[PDB]
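Read the single chain below, which is given as structure tokens and is the form deposited in one PDB entry.
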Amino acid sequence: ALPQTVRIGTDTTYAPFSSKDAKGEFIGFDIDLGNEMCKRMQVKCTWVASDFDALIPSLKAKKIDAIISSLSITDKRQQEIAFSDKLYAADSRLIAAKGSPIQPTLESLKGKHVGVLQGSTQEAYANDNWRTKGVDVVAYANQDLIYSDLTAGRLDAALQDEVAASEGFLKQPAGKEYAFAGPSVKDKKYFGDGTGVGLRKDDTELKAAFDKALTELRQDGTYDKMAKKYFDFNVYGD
């Protein structure tokens, strides 16, 4: 009993995983993966754009049926929703201006303005660890706003997924003067283990269909054909 049309929510301001092209078509690695999996599930799929923090609310209220949006699989989120198997890995890392002394440490960040996406694992981490101790942590409605304010000099740093900052900003014209500030911030408690399709806890049939399709496209080498369009390293981790 899978629906005829599976409605998939995503936030299109997180290139190279999810954004929109010049005509306003959805593009990116999350979109490619979702469409391949729908093709193997033999369902029809509609993509529904949303703000990142509205995705899990819309899922719970049945306005969409699945979330593919670099949604990290964390212990907190599993208390609310279910997840497919891992689609790819996702570490977190700070970016600041090139030459910045900034490190991902309280002592370095106290009194700085750090941008984080509202609803993200990074907002959770920064609020507990940094906002309480005097770092000016600013939550943003979407990631594009964060990159804008950083280049505007309104932010000193921004915490987001590492590959999104890399491919989506630092290797782009806009990010030429910026760089990663320190190594990735590892914290198992906050950042989870890779990303997956978020689904309602009771939609086990739909979880099984996505997992079967993900295993099939990984097995035959499709995942890697698709990943190579965007990455030259192994995005899956392993």
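So that there is no doubt, residue numbering starts at 1 and follows the sequence shown.
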Please compare 124 to 132 with 67 to 75 and name the stretch with the higher mean C-alpha B-factor in the deposited structure. 124 to 132
With respect to the recorded C-alpha B factors, which stretch has the higher mean value, 49 to 57 or 23 to 31? 23 to 31
Out of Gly168, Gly111, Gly115, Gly119, which shows the largest CA B-factor listed in the entry? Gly111
Given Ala213, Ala181, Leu199, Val43, the residue at which the Cα B factor reaches its maximum: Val43
Within this chain's modelled residues, let me know which third the CA B factor of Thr10 belongs to: lowest, middle or highest. lowest
Sorting by Cα B-factor within the chain, modelled residues only, which third would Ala209 end up in: lowest, middle or highest? lowest
By the record's CA B-factor, is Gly194 among the lowest, middle or highest third of residues in the chain? lowest
Chain thirds by Cα B factor, record data; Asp161 belongs to the lowest
Cα B factor band for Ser84 (lowest, middle or highest third within the chain): lowest
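In what follows, reference is made to the form deposited in another entry, a form of this protein that is not presented.
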Comparing against this form, do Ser100 and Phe231 have their CA atoms pulled together or pushed apart in the other form? The difference is 3 Å or more. closer
Just to spell it out: taking the C-alpha atom of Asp144 and the C-alpha atom of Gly9, is that distance smaller or larger in the other form than in the structure shown here, given it changes by 3 Å or more? farther
